[PDB]
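Asks:
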Ligand SMILES: [Mg+2]
Ligand SMILES: [Zn+2]
Ligand SMILES: [Zn+2]
Ligand SMILES: [Zn+2]
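Protein chains in written order, with the entry's author numbering: chain A, 797 to 845; chain B, 16 to 937, 948 to 1126, 1132 to 1375; chain C, 2 to 73; chain D, 1095 to 1341; chain E, 512 to 613; chain F, 2 to 76.
1. Within the continuous alpha helix (DSSP H) that includes residue 227(B), where are the two ends?
2. What residues from chain A crowd round residue 356(B), counting only those whose CB sits closer than 8 Å?
3. Using a Cβ-Cβ cut-off of less than 7 Å, list which residues of the segment 1294 to 1306 of chain D approach chain E; keep chain order.
4. With DSSP as the reference, label residue 365(B) as helix, strand or coil.
5. With DSSP run on the structure shown, which of helix, strand or coil describes residue 113(B)?
6. Mind pulling the chain B residues with CB within less than 7 Å of residue 9(C)?
7. Taking residue 295(B) as the reference, give the member of 108(B), 1108(B), 68(B), 1354(B) with the closest Cα.
8. Give the straight-line distance between the Cα atoms of residue 25(F) and residue 417(B), rounded to the nearest whole angstrom.
9. Using 6 Å as the cut-off, classify the Cβ of residue 1240(D) as near or not near the heavy atoms of ligand 1, replying yes or no.
10. Roughly how many angstroms separate the alpha carbons of residue 904(B) and residue 529(B), rounded to a whole number?
11. Report yes or no: is there a C-beta of chain B within less than 7 Å of the C-beta of residue 812(A)?
12. Which residues have a Cβ closer than 5 Å to any heavy atom of ligand 2, listed in chain order?
13. Kindly say whether residue 361(B), judged by its beta-carbon, lies nearer than 7 Å to any beta-carbon of chain F.
14. Check whether the Cβ of residue 800(A) lies closer than 7 Å to any Cβ atom in chain B.
15. When you check each C-beta in the segment 455 to 484 of chain B against every C-beta of chain A, which residues fall closer than 7 Å?
16. Below 7 Å CB to CB, which residues in the same chain sit around residue 1180(B) once its five sequence neighbours on both sides are set aside?
17. Could you compute how far the alpha carbon of residue 1278(D) sits from the alpha carbon of residue 1318(D)?
18. In whole angstroms, what is the alpha-carbon distance linking residue 1114(B) and residue 1083(B)?
19. Which of helix, strand or coil does DSSP assign to residue 1108(B)?
20. Restricting to runs no shorter than 4 residues, where is the alpha helix (DSSP H) found entirely within the segment 419 to 505 of chain B?
21. Evaluate the contact criterion for the segment 613 to 625 of chain B versus the segment 4 to 18 of chain F: three or more CB pairs, one atom per stretch, below 8 Å.
22. Excluding the five sequence neighbours on either side, which residues of its own chain have a C-beta within less than 8 Å of the C-beta of residue 896(B), listed in chain order?
23. Give me the Cβ distance between residue 914(B) and residue 1360(B), rounded to the nearest whole Å; I'm assuming they're in contact under 8 Å.
24. Identify each residue in the segment 520 to 532 of chain E for which the Cβ-Cβ distance to at least one residue of chain B is less than 9 Å, and report them in chain order.
25. Around ligand 3, which residues pass a check of Cβ closer than 7 Å to any of its heavy atoms?
26. Nearer than 6 Å: is that true of the beta carbon of residue 6(C) relative to any heavy atom of ligand 1?
27. Shorter than 7 Å from the beta carbon of residue 372(B) to some beta carbon of chain D?
28. Any beta-carbon of chain B closer than 7 Å to the one on residue 539(E)?
29. Taking C-beta to C-beta, are residue 537(E) and residue 395(B) nearer than 7 Å?
30. Which chain E residues are close to residue 1253(D), counting only those with a beta carbon under 7 Å from its beta carbon?
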């Protein structure tokens, strides 16, 4: 993970049941960006036509 | 379009008329050019073309040749959809019995001919022969012979006798048989003969014959002479990736039938050796049965990949079949799915819908609106624009979205509030923002849960999301009127922090001129949210006729309550906000806002409450720290005392003073007491510990501990969980209930060492695994109750009856548990209810008792009110609008077309999710308050002693004060020594009666000498020696050890005068003697006195289940194992032959069938005397009551009251609340069956179980006539058998054994008039329940014009 | 709520009913017998003082405890 | 950086999370001091002194570390890697006791109560009742919303049972199961149910006919009969059971 | 190997069905061509509906069109070429052409 | 928009009669030709027909007699 500076407090309902109210410096500083490597594939089979 | 679904057998001519051509070869396709081979299992000549409007060769491809049958390959040029409806037929060269009609158990073939099953299957496989009208020589019609028997028959009986073999013989047998002739013979055997069970089975066969005649079926159609093959596009053979095809197993099964059929044709035209021909016929029969229902005669074949090939029967039946998994619930377009987040800014009717998730759901509407506004020339330009997300598409989308609701639905939709309609709000993101207040409805939090979105497309479907399924119309739970818009956890804590007070805060004690000034003081920073203060508030009251009379005054409130008062709507009082506002109080405030101001003010109050709660919770900064779990410093000395007592017990165990189990129990008791002590210490340290100064020294108030605030406000917590954080964790438990004696004396604030943690993991994993099932088998009770109680619909505004239930408070034990206002609120009365002095005509008959009439009822302290119930409603095929009362949620009165059955099942099953998945178990009256005595079964005598004694059996005594209301109820035994007797109004601190379980008296009527008549010791009495008092006792016993000479004889105690005459029992001329059964010690002598009910014979010496199984069993209506036998008839009782397990209990009525008698299990403690007049509908031995017993004895209201009270016991045990309308509906479906006692002028069988509604209507229309109706007797079934009997075979095949249902329908030739909720859904029509109920009424009016 | 949040109520009911039945097994009232109801011997002052309202001597209690241990 | 609900601690009895908030605040407070010392350059002596204080700091522990066996530039690599906060070990049932946490807080210049006063970002005012603020280690599970979110209006359909199939993982619509049918029978929503099981799912003509009506500005359907029921009729009739539809 | 006890027969898609965007992209084309043909004399309109299969049964050859018009095939070819020329220009081509995403 | 249909319920009684009567009127306006009896606030046909039902000037008897009048004048 990442060690984030969390404050335990309500703040206007934006963490109501178990939501998390994350600041915009956390997505600015890119400390939860992840890299995801999909693989697509194109097979050229031999149809009757 | 189409009326009912007709069903029957299939004539071979009808099966040849279905088909579009025979199937002669087992060829699917060619292996190089994958065109259908023939004249095979995939054929273009039979099953239409394999490409649209295209012949097979290619000679005809244009549309102009539409319909042509091509000259070359005879392939009719038409659509390829045609390949999905045309059927073929295989022509079985030999007959072949339908396995459905040979293993249906009873075998329809078998029970039609009256030939037992093994004989049929022995003639079937050529094991034997069966004669078929074997001439006028020797034999019976269905006389089966062995092989050599037939061989010798052909010698001595050459011709004029014909016995066949195999399915050909069964075909000839069914064919030659004439149904009316045999039916006559059955008439003669049924009415000229009396052998009860033989005639039961006889009449069953008779009914089957009459059904086979009523229908158009012919018995010889149960033998498949012609076999139809499914259309190819239902059993397709599809090209996969790599050229390896994919086929449904039906192609394998059709191929195996076709090869064997062709080989049988071959062998037949070779004159082959007839044993080989027998084998071919047998194999073909087995193949046809694997094709029709595999694994129904032998072992499933096979399959090719070692798994049982599925056949057509498997295609219908099974949980993974066709009636269930794509017929009732299917996949759906115009729907999405996303992670839900919260978004507290939404209004209660709207939800955030991602732009990306909305541009895909409304693409049709967006294309239409683009092409309409001219922004795009055509649908293709529109599609391109949306595909590149032009700038204008977001305006077009905001216009499509505006009034268009969408259905939001969570996964386990337990109750109907799980599919709610919202208006969308195009939000940026990829997560649905769901309004906080709804999450209690959905039972949904934001730990990653997801929801599905659907678009109600059509006009009539998108006014139902607006008028029925919308989020704002649904604020009340249908299981109980309480609003489910309860603010849950941040809101109740914001409101708790707001509306509270501190002993001395900034700006305490300053007069304010209104809520506005309080808010301006708080925002300015000059006065705290809880500072005691006086504010002039003006509250309104609409007890006037709609008018709100105002009133202003200087309330002594705080700044928090002041600021909160601005939010409250007009007509509410100020006491609603002038307490500390927990969670319970917070939802009571909403309930009062509803019950005063209707729906719209409450809907606005909800989100106002929510916004202001979140705002002030955030203002409060209420965090939680590790110092907020203040452990009490008295915990160590309490634990030292506990360890000391435990060491004391260990020493007393090593000393030889207690067993091992006793030391275990004493240790657990010590540790439990110590845990309660430490928790009380930590709570006393937590709750009040805040100590402050007001003008001087000091003062304590309710603590501001953050964790205590969460525990007390009701947001989150209890005493148990805070105790585990602060006190001790107490004793863990192993999974099987085995409580560990080593208690975790630590909390989570301080550490937990390794051993305590490992101990706790036991119960932890048991709880986890248990909720891993209770989630998996989530809604099985709602499913079982939507099966039995589905097709009820409120279909009439009034049936106009006068029958109901005498609803009263459940005043059990002490004070009531459920008052009258809970249980009579919302139901229409059955009869005009007057005051106790009657004073007026208080409440009319058909007035819906809303809140005002309940006010009226508990001003006058009305105790019993008759209120109409749904189990007594006289409607036909439904329930009147008034015999259901007020409907929750919507809260006015149920309008005809409510599907009250589905709602009743869902309301009994969503609450049941909150119950335990396991079934778990659990001198002088301390009478409580002042009041008067109340007698039921008043037969008491005042002894010479002066106190009272119940000379009756079941005298029930109640303490009833000057209120008119009953305040205490009690069951009094047979003649306890009552300190207080009859009608004696007394107060608290005065016991109503003393008794003793070692003392059950046999008190008499009069005073006098107790002579001993009919008493000779050695045969009925026992020699109990008075080593305790210094006398002799002859105690009454039965024939258990005394010989049989005088064993049945009872020891009679003759209560007579001083002269010797038999003093009668006052009331009956039988004198005052008593015949005594055992268990009552006699301390008298012969020729001895007793006072007015002196001690003649003295008899010496609460667990409740609560699991959801205790509701599935309460509804399933089974029989307990200690079944309290009741009093079947009134009159007197006699005891007869004993020592058998059934001692004769004769009941001689007053004027009825006097020799009536029953059996008694003499292992039981029989608790009634033989001289007392038995009352019908009364208990004899004491134990759990049986439902069927009550239903036969006391009436339908008796069984309904019992079932309702038991289910309400198990529901109130866990605090879970559910109304009783729903259980009354489940019962009304439960006792749906009548039974014919007397045939009468009616036209049902003698002892036939018929639908009670049927007998009701028939005998009612006869009562209108001059003929005597049928005297019915109401049955009582379990839900899984009250659902088994359903009129429409579609629904029955849906939720039952499908093969049994379709076989019964096929033979009977039933016609399914689609008039049930579960049938119409299957056939795609409107359910005749809600919005489509008017449509179905118009359909019923069109039919029979 | 989460699967760990109703599992708590399950475990809570479980330990609660367990402790309840066990501390109901104990006897707190007083009906001084002074003699066992199985072997007739006087229940001594010590044992009858630990458990008020004890109804059986030590060894009869052990016997019945074992017998019920087999569930017979 | 992150704001978490306080109410999830009492109900869900995991005091570990607030204890770790406190200890992380301590561990970042011992890193802030090192960072300040490293930017207003003092010298390796005083920096070494403070790190040696922070490294002993407890009861009898087996973490005997002494910064005298460290080359002066071996203390600046360490002093750089402790700039963003010092790590802290805490074996499972052998952890740091609360007194150790308070002492490590006091060694930094944080409040011993583990709690700070905080001001609203918007109104600039001060929250009453100081709040827990600390550095907590937060993981990002791969229940990413970029995979959970999907939607469909009209896509592919299965070949045998002509229902929405999809296959874009997953362009198939949502499964309107049985409990949802009961939920819509509970309301009187007959039209919603009907379109939800014939026009949006099964009926092959009604759906292509309604996609035209939606585009034509006409919101109204002709439902017809589901191909599930047509298939069921064909299969029952493909037994010996003649099942027909009485007009 | 799925959660719903799914089978291989549930994922076999359908390659013959025409998507309802591709039926509403054919009815739109029928309406567009009926419009653009209405902007024309009965000569061109009738001869084009007859030469092609537009709103009619089997498209006839040139000789059948001529027998319906009592004129020889080359006149029919000239007429249809005239009409297609007239339709090729914008004001008669903009609406049809948008049906061509090529 | 329209948050509650509580007022429209009292004008028609049944909550299903209301839906079937309002869908009828809103389809009259949608397809088509007929006009709203109330100043449309940039609403859709559904909420327009609901709001007209709120004001008592739309219901089953009124809509049916409006049917009869045009059936007459269609001749
Ligand atoms: Mg969850
Ligand atoms: Zn051909
Ligand atoms: Zn009724
Ligand atoms: Zn003993």
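Where is the CB? At the ideal position from N, CA and C, for every residue including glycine.
Replies: Quick look at the numbers:
1. Taken as a continuous stretch (DSSP letters only), the alpha helix (DSSP H) holding residue 227(B) covers 211 to 229.
2. Those are 815, listed as they occur along chain A.
3. So the list reads 1301, 1302, 1305, 1306, given in the order they occur along the chain.
4. Under the three-state reduction of DSSP, residue 365(B) is assigned to strand.
5. Coil, per DSSP.
6. Under the 7 Å cutoff, chain B gives 782.
7. Closest option to residue 295(B), judged by alpha-carbon separation, among 108(B), 1108(B), 68(B), 1354(B): 108(B).
8. Distance between residue 25(F) and residue 417(B), taken at the CA atoms: about 20 Å.
9. Residue 1240(D) Cβ: outside cutoff for every heavy atom of ligand 1.
10. Between the alpha carbons of residue 904(B) and residue 529(B) lies a distance of about 36 Å.
11. Yes, contact with chain B.
12. Matched residues: 70(B), 72(B), 74(B), 85(B), 87(B), 88(B).
13. It does not; no Cβ of chain F falls within 7 Å.
14. No, residue 800(A) lies away from the interface with chain B (no Cβ there is under 7 Å from its Cβ).
15. Taking a C-beta cut-off of 7 Å against chain A, the contacting residues of the segment 455 to 484 of chain B are 460, 461, 462, listed in chain order.
16. Closer than 7 Å at Cβ, skipping near neighbours: 1160, 1161.
17. Cα to Cα, residue 1278(D) sits roughly 20 Å from residue 1318(D).
18. Residue 1083(B) has its alpha-carbon roughly 9 Å from the corresponding atom of residue 1114(B).
19. If DSSP states are grouped into helix, strand and coil, residue 1108(B) belongs with coil.
20. Counting whole runs of 4 or more residues, the segment 419 to 505 of chain B contains the alpha helix (DSSP H) stretches 454 to 457, 474 to 477, 479 to 482.
21. Contact between the segment 613 to 625 of chain B and the segment 4 to 18 of chain F is present, because at least three Cβ pairs lie under 8 Å.
22. These residues qualify, in order along the chain: 809, 811, 812, 813, 908, 909, 910, 911.
23. Indeed they touch by this definition, with Cβ atoms about 6 Å apart.
24. Taken in chain order, the members of the segment 520 to 532 of chain E whose beta-carbon sits within less than 9 Å of a beta-carbon on chain B are 520, 523, 527, 531, 532.
25. Ordered along the chain, the selected set is 811(B), 813(B), 814(B), 816(B), 883(B), 888(B), 889(B), 890(B), 894(B), 895(B), 897(B), 898(B).
26. With a cut-off of 6 Å, the C-beta of residue 6(C) is classified as distant from ligand 1, since no heavy atom of the ligand falls inside that distance.
27. Judged by the 7 Å Cβ criterion, residue 372(B) is in contact with chain D.
28. For residue 539(E), the answer is yes, since a Cβ of chain B falls inside 7 Å of its Cβ.
29. Against a cut-off of 7 Å, the Cβ pair of residue 395(B) and residue 537(E) comes out as no contact.
30. Close partners of residue 1253(D) in chain E (Cβ separation under 7 Å): 523, 524, 525.
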